[PDB]
């Protein structure tokens, strides 16, 4: 059971902890967040507006955060170099602050005795992995890796299946995406991204994303064949992917449904989901899949030009794939 420290006890940091506890695939032994002290951590982890009260016990005791009788070391460092992950026993580190996405910044945890670091975001230079799509290309020389973005984890498993069976000539993706922490309650300053500063609950907000091009990194055959953009809308969680693509081989929509469902029951089970029910976004709150294909929502213009819809819990789905990737990395040591 690989021991894990979390840097950044935010949405992703706390839900990784819930998924680590829930699945037992990894063990959280240390947490670091300079803006959330140990008593505050008890509160932030126990109560959750989106995913509900934690089902379990959580207390502060002898300076450690004790969750289900298991004590966790709490640090309060702003500079990742000064965290002593080694003496806390943390071998792997989840880099879920949002501000250390480069190998040089993420490498700071290796000074502290961490063995490897998993950035919970896309990186400019760290190798990116998507469970079920290219994770087997991880090898032990990579001490710093990225689990990509939540959108790419929705789009790449779907894209994998469509391209393997039919061939994607080209594709454009829109993601209608839930609100996140970088947004603003009311019109306010947002530096380089003026749209993101506008009132979160008031607006549909266009945003730029590299998540679709990133699919070309996890699936090299799709390099230069996909891009896309995003709309942020006033919901607290759960997001949807809309992939308009042009297929090489003609495929009836029922054929797309059969290979996607088949893949959801086989090698991609737990990653790629399939449904034909009249779902809406709240039906995926706390759903641990990366991607759930929505058979009824999509629509074909003809056998070579289709629009495919897939849901994802950007918070809890992505957190479960951070856990899965660390479990798999542990298994290749």
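Residue numbers count along the first chain shown, from 1.
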Worksheet item: Looking at the deposited entry, does 292 to 300 or 57 to 65 carry the larger mean Cα B-factor?
Response: 57 to 65
Practice prompt. Give the stretch, out of 89 to 97 and 173 to 181, with the larger mean C-alpha temperature factor in the deposited entry.
Written response: 89 to 97
Practice prompt. By the entry's C-alpha temperature factors, tell me which of 306, 26, 41, 272 sits highest.
Written response: 26
Practice prompt. By the entry's C-alpha temperature factors, tell me which of 195, 84, 246, 232 sits highest.
Written response: 84
Discussion item. Can you tell me whether residue 71 has a C-alpha B-factor in the lowest, middle or highest third compared with the other modelled residues of the same chain?
Written reply: highest
Worksheet item: If you rank every modelled residue in this chain by C-alpha B factor, which third holds residue 242: lowest, middle or highest?
Response: lowest
Worksheet item: residue 19's Cα B-factor: lowest, middle or highest third of the chain?
Response: middle
Item to complete: Taking the values exactly as deposited, rank residue 35 by C-alpha B-factor within its chain and report the matching third: lowest, middle or highest.
Response: highest
Response to the item:
By the entry's values, the third containing the CA B factor of residue 202 is the lowest
